[PDB]
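Worksheet: the structure to be examined is printed underneath.
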Amino acid sequence: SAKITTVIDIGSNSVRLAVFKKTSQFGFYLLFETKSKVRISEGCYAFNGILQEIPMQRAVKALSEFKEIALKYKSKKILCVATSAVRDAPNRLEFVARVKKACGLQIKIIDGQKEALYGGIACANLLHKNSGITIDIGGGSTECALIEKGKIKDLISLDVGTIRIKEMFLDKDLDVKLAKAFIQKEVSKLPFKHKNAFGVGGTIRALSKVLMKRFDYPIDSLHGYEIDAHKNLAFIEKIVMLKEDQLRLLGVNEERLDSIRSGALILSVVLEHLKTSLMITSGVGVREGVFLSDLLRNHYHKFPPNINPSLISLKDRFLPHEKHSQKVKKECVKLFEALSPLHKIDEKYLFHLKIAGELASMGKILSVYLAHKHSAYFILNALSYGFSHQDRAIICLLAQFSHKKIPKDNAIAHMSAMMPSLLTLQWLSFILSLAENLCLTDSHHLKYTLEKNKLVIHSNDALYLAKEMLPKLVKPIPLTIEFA
Amino acid sequence: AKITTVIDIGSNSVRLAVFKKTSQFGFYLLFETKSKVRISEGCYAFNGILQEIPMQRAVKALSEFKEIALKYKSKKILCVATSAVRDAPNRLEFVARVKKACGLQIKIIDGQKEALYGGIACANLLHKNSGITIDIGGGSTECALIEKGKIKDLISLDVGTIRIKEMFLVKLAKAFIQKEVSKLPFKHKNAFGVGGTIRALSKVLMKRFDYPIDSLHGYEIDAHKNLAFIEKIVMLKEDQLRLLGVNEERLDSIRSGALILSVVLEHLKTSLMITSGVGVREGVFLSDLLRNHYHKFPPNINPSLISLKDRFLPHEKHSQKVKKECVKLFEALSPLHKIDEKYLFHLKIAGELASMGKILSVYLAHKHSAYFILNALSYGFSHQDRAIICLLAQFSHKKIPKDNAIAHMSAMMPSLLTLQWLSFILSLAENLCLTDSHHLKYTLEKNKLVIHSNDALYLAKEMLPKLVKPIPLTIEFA
């Protein structure tokens, strides 16, 4: 296993490259990513899958430069897989040899089961829910993996894809009704159902962006975006029939216009069949699954319990000294417990409080001025694997507003109907703030009790600075705070 | 040391700064805190002898400051004391008491030394290096004359906000101050405002002008235009000051501070005051850092630019390539854009820093790079220069909006068209540097730019349509 690993995926629509960098045993992050839409499948579907010359030439040229990029980052391992368009191709051996000849890259053609597995491995490890069904919609095929509690159960690969449907129906000028009936037949082959889906791939990313723009969503990242599938199913169905200009007005990018409608059609049929309630947009897929297969060597390729690669790598990069963050987290927990009779907050939020406690001072790596704002910025933007947007929102807010009143008008606080109340957020940010004050100095054996409305801080230390600072805390409710 | 803590003991408060040195010249301020222990409380009536309860407060605070220094693993701890302690007949008692409690060894410095440290900071860390520092404290006021980063002269005035609040709180107080201020031997068009009292006054002026940038450091004030309002602040009742945004702790000193400042500015004949976020603590640190360099960074050495790269850009090969192509493209396209070469400064640095944000996330990396620049490129850069560099990065491969706040932060800012040109040039340079390309050369023929290469540059060609052009222009690959 290597410190710098490049994974290249040759799909039916585009070729894509990811460079992953190890920061610790389980910590890693995505160092670089790029894609080229070479559409190697262009014109092949009428030819019984034979890859056409011009598309093959485009693919070779892109892949040669992907090799250059891999070497630029000094990758010690370079892994290359090819999916539906290449595996289906009668001339696949010719194409593989041409790439090896030009680029030195050895393509591993993977079957649909393996493709579904790699997607499943990524989603089972890197999302904020571990039970659900992946939906990976590509140009030539669509894969679903059923995951139960982090374990891959079943796999299905279907030959329906955005470009396949485009070229066999929407080009030959067969009605949308015909395309739909054909997709429905293939989708009937999926035996399972689940409330959760993990959306994988470019079609689903593009459609996610459409919904974010349509609804004025406050958060920029794609990974961990939660879509109400029922609520949005009709609109996804409507996209199928839109003109390209209507797609442009929804913010669809120029290169996405020609495949997004067949993609929406496949997605709508699949969601309906799986009986999906929640779709999580996944920024991860086959490339991550290939990397995780190489990173984690044990039978199922799973992270050990309570190991999060994104939280770990964030600390590796920006917080290599862990003592202070740990102590603040510990006092946050003790304070939350002592104050629980007053606040009555659901213990599920201890998850968010603990991580805010660890990361609140991360932003000092940038500047002392507005350090908490910077931590929040880092949290919202860089804490990805294993966290929902809602998770990041709560954590970001606790840090950002430390020693401050949270405004009634904050957009992130309102990002969903399921967000905690302002009062809950203020409680949690207050607890973090007081923990920070108490942990400023070298202070051991802190203990907290609640006597009536009164929080009592027990310490053997003088705590001079913490006493001085007490009036600058913003309390969620009037609360008497005393030092024994 | 890698981590150095500097503690300074003033009349009103004790302050701590922890500095992290990332390379030979790179460093940044890691942590800071203050405690207003008012060690000088009631000491004037007593012949300047520091009273028991105030000394007890100082010792408790300093003890915990020591703990903080150790929690940051500081390998060097430097502690200086200024006018209140300096002037105290029991200063030896106090120094011994502090050493007994936490082990801290206090170095009492005189007024000239205090002026020197403030001067070293302002000489190195601001975007102009010629001028006169003004450091207004509770017990004294220091001024250092700096010429091109070198310190020419030093003086410590026996006037501070405490005594002026005591004796007077305008024609009278001003009369007393003037007596001391007349002792200033020098004048300059530039002043560097130092200290929390002047920073508080600067916040008031920044809030009232609606300033798009947050940093106090490097904030420029027109000394003539704002003198009236500075003098006004002196006569304001506490209630009004509170409305102007003045923090609770600074209400006692901000009026007498405003009075001293107005007298000094008039005497120095200052036309421009640059608010400094640095002072004695940074000066003590730099005295050590620069001891072998004559207390000045060598030419083209900027500690913030360097420390930014130390933190976020460990490998510079790619960014030096982008910079180099930025310059070559600028010079090839100059007949068309006709842009002032002074902006090559900003373009080169945006070229160096554009991919910095990738360390945070590859998604929206340019937005992160911009965020880093705006917030962390601080020492030695003017607000305008920083804003330009931020914009070029932020808007790579995009159209810059007409209403942009940062772009409009002043009338000396470049035009939207100039900004779009520079952002476009950066964007094209980034495209050409994606792969492992060999020597590139550019030519211009009317509105046609020609890229000459022995490389296929397949990806760069594919990406071409995603570039946002400032004018109609033809880009071809030879």
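Labels for the structure tokens follow display order: chains A, B, ..., residues from 1 in each chain, ligands from 1.
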Show me which bits of chain B are within 7 Å of chain A, counting only C-alpha atoms, as a compact mmCIF listing (two decimals) with C-alpha atoms, in the first residue's frame.
# COMPACT_ATOMS: atom_id res chain seq x y z
CA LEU B 29 0.58 34.23 15.58
CA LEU B 30 -0.83 31.03 17.02
CA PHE B 31 -2.60 32.17 20.18
CA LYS B 60 -2.23 34.75 39.49
CA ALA B 61 -2.65 35.77 35.86
CA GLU B 64 -1.66 30.81 34.36
CA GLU B 67 0.78 27.22 32.18
CA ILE B 68 -0.55 28.26 28.78
CA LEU B 360 -8.76 21.68 2.57
CA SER B 361 -10.90 20.25 -0.22
CA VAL B 362 -10.45 19.73 -3.96
CA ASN B 375 -7.70 35.92 6.21
CA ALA B 376 -4.01 34.90 6.48
CA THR B 435 -0.24 17.98 -17.15
CA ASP B 436 3.53 17.37 -17.33
CA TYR B 458 -5.35 17.30 -24.94
CA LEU B 459 -6.91 18.18 -21.60
Handout entry: Selection: 8 Å around stretch 425-436 of chain A, only C-alpha atoms, excl. self and same-chain fewer than 2 positions, as a ChimeraX atom specification
Key = /A:328-329,331-332,335-336,343,353,356-357,394,397-399,401-403,405-406,420-423,438-440,473-476
Exercise for the section: Name all residues at most 9 Å from stretch 118-121 of chain B (count only C-alpha atoms; drop same-chain ones fewer than 5 positions away) and give them as a PyMOL selection string. Expected result: chain B and resi 113+126+132-135+142-146+149-151+154+194+278-287+295-296
Problem - Distance of atom CA of residue B:411 from atom CA of residue B:379, expressed in Å to one decimal place - result: 22.6 Å
Practice task
Determine, counting only C-alpha atoms, which protein, DNA and RNA residues have an atom within 9 Å of an atom of stretch 301-316 of chain B; residues of the same chain fewer than 5 positions away are not included. Present the result as a list in words.
Solution key: residues 318, 365 and 366 of chain A; 21, 22, 23, 25, 26, 27, 28, 124, 125, 321, 349, 352, 353, 355, 356, 357, 358, 359, 360, 372, 373, 376, 377, 378, 379 and 380 of chain B
With N, CA and C atoms retained, write the just-selected residues as a compact mmCIF listing (two decimals), in the first residue's frame.
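result33.txt, written as the output of this step:
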# COMPACT_ATOMS: atom_id res chain seq x y z
N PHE A 318 -4.38 19.40 9.97
CA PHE A 318 -4.50 20.66 10.69
C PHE A 318 -4.42 20.69 12.23
N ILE A 365 -4.82 27.35 12.85
CA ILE A 365 -3.77 27.03 11.89
C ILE A 365 -3.78 28.09 10.79
N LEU A 366 -4.90 28.81 10.67
CA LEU A 366 -5.03 29.84 9.65
C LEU A 366 -4.75 31.21 10.26
N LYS B 21 7.07 29.41 14.52
CA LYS B 21 8.02 29.65 13.45
C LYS B 21 8.00 28.42 12.52
N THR B 22 7.56 28.62 11.28
CA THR B 22 7.39 27.52 10.34
C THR B 22 8.60 27.23 9.41
N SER B 23 9.54 28.16 9.37
CA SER B 23 10.73 28.06 8.51
C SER B 23 11.68 29.16 8.96
N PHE B 25 12.40 32.25 7.91
CA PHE B 25 11.65 33.49 8.09
C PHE B 25 10.13 33.45 8.25
N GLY B 26 9.49 32.29 8.08
CA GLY B 26 8.04 32.24 8.17
C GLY B 26 7.59 32.09 9.61
N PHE B 27 6.52 32.78 9.98
CA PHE B 27 5.95 32.60 11.29
C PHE B 27 4.52 33.11 11.28
N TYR B 28 3.72 32.69 12.25
CA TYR B 28 2.39 33.27 12.41
C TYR B 28 2.03 33.28 13.88
N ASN B 124 9.01 45.90 10.09
CA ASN B 124 8.85 44.67 9.32
C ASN B 124 7.49 44.20 8.79
N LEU B 125 6.44 44.42 9.58
CA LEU B 125 5.18 43.76 9.37
C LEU B 125 4.06 44.56 8.68
N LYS B 321 5.61 26.96 -11.56
CA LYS B 321 5.34 26.84 -12.97
C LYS B 321 4.14 27.70 -13.37
N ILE B 349 1.62 36.37 -7.27
CA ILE B 349 1.28 35.76 -5.99
C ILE B 349 -0.01 34.94 -6.06
N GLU B 352 1.02 31.69 -7.46
CA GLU B 352 1.69 30.85 -6.47
C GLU B 352 0.69 30.20 -5.52
N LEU B 353 -0.32 30.96 -5.11
CA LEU B 353 -1.23 30.50 -4.07
C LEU B 353 -2.56 29.92 -4.53
N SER B 355 -3.75 27.18 -5.86
CA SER B 355 -4.16 25.82 -5.53
C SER B 355 -3.98 25.47 -4.05
N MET B 356 -3.57 26.44 -3.25
CA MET B 356 -3.40 26.24 -1.81
C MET B 356 -4.60 25.58 -1.14
N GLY B 357 -5.80 26.03 -1.50
CA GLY B 357 -7.02 25.53 -0.90
C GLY B 357 -7.25 24.04 -1.06
N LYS B 358 -6.52 23.41 -1.98
CA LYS B 358 -6.73 21.99 -2.21
C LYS B 358 -6.49 21.19 -0.94
N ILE B 359 -5.64 21.69 -0.05
CA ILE B 359 -5.31 20.96 1.17
C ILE B 359 -6.56 20.84 2.04
N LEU B 360 -7.51 21.75 1.84
CA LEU B 360 -8.76 21.68 2.57
C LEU B 360 -9.71 20.73 1.85
N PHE B 372 -8.21 31.64 2.44
CA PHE B 372 -6.92 31.63 3.11
C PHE B 372 -6.18 32.94 2.91
N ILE B 373 -6.20 33.45 1.68
CA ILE B 373 -5.47 34.65 1.35
C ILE B 373 -6.04 35.86 2.09
N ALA B 376 -5.40 35.07 6.06
CA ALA B 376 -4.01 34.90 6.48
C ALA B 376 -2.87 35.64 5.75
N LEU B 377 -3.12 36.38 4.67
CA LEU B 377 -1.97 37.01 4.06
C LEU B 377 -2.03 38.42 4.61
N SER B 378 -1.20 38.66 5.61
CA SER B 378 -1.49 39.79 6.48
C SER B 378 -0.29 40.70 6.62
N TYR B 379 0.79 40.18 7.19
CA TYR B 379 1.94 41.03 7.38
C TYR B 379 2.44 41.50 6.03
N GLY B 380 2.68 42.79 5.92
CA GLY B 380 3.37 43.34 4.78
C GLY B 380 2.49 43.60 3.58
Completion exercise
Between B:227, B:216, B:265, B:221, smallest distance to residue B:277 by only C-alpha atoms belongs to B:216
Handout entry: DSSP-assigned strand (DSSP E) among stretch 107-279 of chain A, expressed as a VMD selection string
Key = chain A and resid 108 to 109 132 to 137 142 to 148 151 to 158 196 to 200 225 to 228 278 to 279
Problem - Backbone-only DSSP, alpha helix (DSSP H) members of stretch 111-225 of chain B, as JSON, numbers by chain - result: {"B": [111, 112, 113, 114, 115, 116, 117, 118, 119, 120, 121, 122, 123, 124, 125, 161, 162, 163, 164, 165, 166, 167, 171, 172, 173, 174, 175, 176, 177, 178, 179, 180, 181, 196, 197, 198, 199, 200, 201, 202, 203, 204, 205, 206, 207, 208, 223, 224, 225]}
Residues from the last selection, C-alpha atoms, saved as a PDB file, in the first residue's frame:
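Result went into again-v1.pdb, see below:
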ATOM      1  CA  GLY B 111      11.058  53.483  27.520  1.00  0.00           C
ATOM      2  CA  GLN B 112      13.553  53.562  24.689  1.00  0.00           C
ATOM      3  CA  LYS B 113      13.657  49.757  24.540  1.00  0.00           C
ATOM      4  CA  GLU B 114       9.871  49.626  24.557  1.00  0.00           C
ATOM      5  CA  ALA B 115       9.870  52.086  21.642  1.00  0.00           C
ATOM      6  CA  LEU B 116      12.477  49.925  19.881  1.00  0.00           C
ATOM      7  CA  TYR B 117      10.421  46.731  20.062  1.00  0.00           C
ATOM      8  CA  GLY B 118       7.320  48.492  18.774  1.00  0.00           C
ATOM      9  CA  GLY B 119       9.500  49.904  16.007  1.00  0.00           C
ATOM     10  CA  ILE B 120      10.960  46.585  14.913  1.00  0.00           C
ATOM     11  CA  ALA B 121       7.419  45.238  14.539  1.00  0.00           C
ATOM     12  CA  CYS B 122       6.140  48.181  12.502  1.00  0.00           C
ATOM     13  CA  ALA B 123       9.331  48.278  10.447  1.00  0.00           C
ATOM     14  CA  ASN B 124       8.854  44.666   9.324  1.00  0.00           C
ATOM     15  CA  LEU B 125       5.177  43.759   9.370  1.00  0.00           C
ATOM     16  CA  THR B 161      -4.235  57.392  29.381  1.00  0.00           C
ATOM     17  CA  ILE B 162      -4.368  56.672  33.113  1.00  0.00           C
ATOM     18  CA  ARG B 163      -2.849  59.952  34.316  1.00  0.00           C
ATOM     19  CA  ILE B 164      -4.754  62.017  31.729  1.00  0.00           C
ATOM     20  CA  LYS B 165      -8.007  60.425  32.847  1.00  0.00           C
ATOM     21  CA  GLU B 166      -6.983  61.144  36.451  1.00  0.00           C
ATOM     22  CA  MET B 167      -5.829  64.742  36.148  1.00  0.00           C
ATOM     23  CA  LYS B 171      -8.040  72.918  26.467  1.00  0.00           C
ATOM     24  CA  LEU B 172      -6.360  72.100  29.781  1.00  0.00           C
ATOM     25  CA  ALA B 173      -5.590  68.386  29.431  1.00  0.00           C
ATOM     26  CA  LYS B 174      -4.485  69.080  25.872  1.00  0.00           C
ATOM     27  CA  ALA B 175      -2.175  71.760  27.286  1.00  0.00           C
ATOM     28  CA  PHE B 176      -0.470  69.287  29.614  1.00  0.00           C
ATOM     29  CA  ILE B 177      -0.101  66.634  26.896  1.00  0.00           C
ATOM     30  CA  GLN B 178       1.371  69.180  24.488  1.00  0.00           C
ATOM     31  CA  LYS B 179       4.098  69.845  27.051  1.00  0.00           C
ATOM     32  CA  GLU B 180       5.302  66.274  26.724  1.00  0.00           C
ATOM     33  CA  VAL B 181       4.540  65.935  23.019  1.00  0.00           C
ATOM     34  CA  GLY B 196      -5.204  48.506  21.964  1.00  0.00           C
ATOM     35  CA  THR B 197      -6.248  52.065  22.675  1.00  0.00           C
ATOM     36  CA  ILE B 198      -5.419  53.145  19.137  1.00  0.00           C
ATOM     37  CA  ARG B 199      -6.871  49.916  17.712  1.00  0.00           C
ATOM     38  CA  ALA B 200     -10.162  50.692  19.514  1.00  0.00           C
ATOM     39  CA  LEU B 201     -10.263  54.173  17.988  1.00  0.00           C
ATOM     40  CA  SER B 202      -9.497  52.622  14.589  1.00  0.00           C
ATOM     41  CA  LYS B 203     -12.390  50.163  14.901  1.00  0.00           C
ATOM     42  CA  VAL B 204     -14.715  53.103  15.534  1.00  0.00           C
ATOM     43  CA  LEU B 205     -13.574  54.774  12.307  1.00  0.00           C
ATOM     44  CA  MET B 206     -13.773  51.517  10.347  1.00  0.00           C
ATOM     45  CA  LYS B 207     -17.294  50.708  11.514  1.00  0.00           C
ATOM     46  CA  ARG B 208     -18.500  54.203  10.624  1.00  0.00           C
ATOM     47  CA  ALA B 223      -5.151  61.897   9.561  1.00  0.00           C
ATOM     48  CA  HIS B 224      -6.374  65.319   8.497  1.00  0.00           C
ATOM     49  CA  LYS B 225      -9.892  64.252   7.523  1.00  0.00           C
TER      50      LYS B 225
END
Problem - Spatial neighbours of residue B:39, 7 Å, only C-alpha atoms, chain gap at least 2 places, as an MDAnalysis selection string - result: chainID B and resid 11:12 37 41 50 54:55 58
